[PDB]
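The listed protein sequences derive, respectively, from chains A, B and C. Reminder that position 2 of the first sequence reads as 2 in my numbering, one-by-one numbering, no gaps. Reminder that position 49 of the second sequence reads as 53 in my numbering, one-by-one numbering, no gaps. Reminder that position 34 of the third sequence reads as 179 in my numbering, one-by-one numbering, no gaps. Where is the CB? At the ideal position from N, CA and C, for every residue including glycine.
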Amino acid sequence: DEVX
Amino acid sequence: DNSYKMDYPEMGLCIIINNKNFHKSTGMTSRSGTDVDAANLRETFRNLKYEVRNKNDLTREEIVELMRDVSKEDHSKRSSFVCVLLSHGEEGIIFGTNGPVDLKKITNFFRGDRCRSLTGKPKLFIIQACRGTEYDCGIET
Amino acid sequence: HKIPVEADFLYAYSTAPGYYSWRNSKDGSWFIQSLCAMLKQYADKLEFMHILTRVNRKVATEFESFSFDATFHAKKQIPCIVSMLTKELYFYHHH
């Protein structure tokens with residue numbers, strides 16, 4: 001899970 | 005008269021802008037997994053009979069150019085228009101590989117008075133991008 | 146005899162104003178994963194706002210971030226449907  | 009007319013010869017275009025790699029200056033890391041999104045969307049809208057056009061790693065200038073050109077096409081025989089943006093972002097902003105572009109600049113090309121062949125037809129913008137740096141910690145249910 | 150120039154637009158945002166949006170390196174973004182799934186399952190029947198409402202529920206209930214960095218761990222997300230549409234939208238037509 002990574003953000004943006 | 006409660007539903008949009010969707011029986012034109014073509015459902016319409018589905019423009020997918022898939023930005024994965026950005027210039028260092030932006031400080032944005034590679035958007036791992038975005039290709040999965042792009043492929044999924046392509047198949048999903050193909051099934052809905054949309055004319056899908058995928059574009060990868062566009063600079064902010066290229067995004068604007070693409071949008072301008074697409075808005076200048078004759079959409080008379082198309083029932084609707086769909087644009088999917090996959091990239092980094094901030095509130096009201098989408099990122100080209102080299103910097104920010106105001107979303108308003110992109111959507112303005114399709115205003116009811118600037119793209120007459122789409123007047124009265126649904127114009128959908130699907131946006132996968134951040135809108136700030138706040139986290140939602142949620143609440144137990 | 147005229148309509149607003151801003152009418153007939155639908156902005157399906159992956160997240161609420163001011164918030165981060167989540168993307169899984171292997172499965173894709175939570176929002177797009179859910180959007181495509183709901184379109185595949187319901188586009189032959191449900192009106193678009195109702196499909197997007199199911200997308201909101203799917204993202205809100207089935208996803209929670211997992212990270213070795215406690216700062217990015219156990220986070221949630223809710224999409225944001227912004228509609229200036231003037232009619233119901235169905236991705237099919239009744240001959």
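Residues of chain B with a CB under 8 angstroms from the CB of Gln222 of chain C: which are they?
-> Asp140
Is the beta carbon of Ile148 of chain C sitting closer than 8 angstroms to the one on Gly124 of chain B?
-> yes
Could you tell me whether the Cβ atoms of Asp61 of chain B and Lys24 of chain B are closer together than 8 angstroms?
-> yes
Using a Cβ-Cβ distance under 8 angstroms, would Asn169 of chain C count as near chain B?
-> yes
State buried or exposed for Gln222 of chain C, treating a residue as buried only when at least 16 other CB atoms are found within 10 Å of its CB.
-> buried
Integer-rounded CB distance, given that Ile20 of chain B should sit under 8 angstroms from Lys59 of chain B = 7 angstroms
Using the DSSP secondary-structure output, state which residues sit across from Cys225 of chain C in a beta bridge.
-> C:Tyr158
In its own chain, which residues sit with a C-beta less than 6 angstroms from the C-beta of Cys225 of chain C, not counting the 5 before and 5 after it?
-> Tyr158 and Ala161
For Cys119 of chain B, which residues does DSSP report across the bridge?
-> In DSSP, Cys119 of chain B forms no bridge with anything.
Would the beta-carbon of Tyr158 of chain C be found less than 7 angstroms away from any heavy atom of the ligand SAH?
-> Absent from the structure shown: the ligand SAH. Ligands present: none.
Residues near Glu209 of chain C by beta carbon distance below 8 angstroms, same chain, minus five either side | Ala219, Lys220 and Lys221
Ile130 of chain B: buried (16+ other C-beta within 10 angstroms of its C-beta) or exposed?
-> buried
Does any residue of chain A bring its CB to less than 8 angstroms from the CB of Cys134 of chain B?
-> yes
Could you give the C-beta distance for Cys18 of chain B and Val56 of chain B, rounded to a whole number, given that I count them as a contact under 8 angstroms?
-> 5 angstroms
Range covered by the beta strand (DSSP E) that runs through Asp78 of chain B | Per DSSP, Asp78 of chain B belongs to no beta strand (DSSP E) and is neither H nor E.
Candidates C:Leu197, C:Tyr237 and C:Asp172, of which the one nearest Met183 of chain C by Cα | C:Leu197
Give the DSSP-derived three-state secondary structure of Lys59 of chain B in the structure shown.
-> strand
Interface residues of chain A facing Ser36 of chain B [CB-CB closer than 9 angstroms] | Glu2
Rounded to whole angstroms, how far is the Cβ of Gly31 of chain B from the Cβ of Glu95 of chain B, which I believe are closer than 8 angstroms?
-> The Cβ separation is near 17 angstroms, so there is no contact.
Quick one: any contact between the region 37-45 of chain B and the region 103-116 of chain B, if contact means 3 or more CB pairs under 8 angstroms?
-> no
Pair within 8 angstroms by beta-carbon distance, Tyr235 of chain C and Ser29 of chain B = no
Closer than 9 angstroms by beta-carbon distance: list the chain A residues that pair up with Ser228 of chain C, in chain order.
-> Those do not exist, as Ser228 of chain C stays about 23 angstroms from chain A at its closest Cβ, beyond 9 angstroms.
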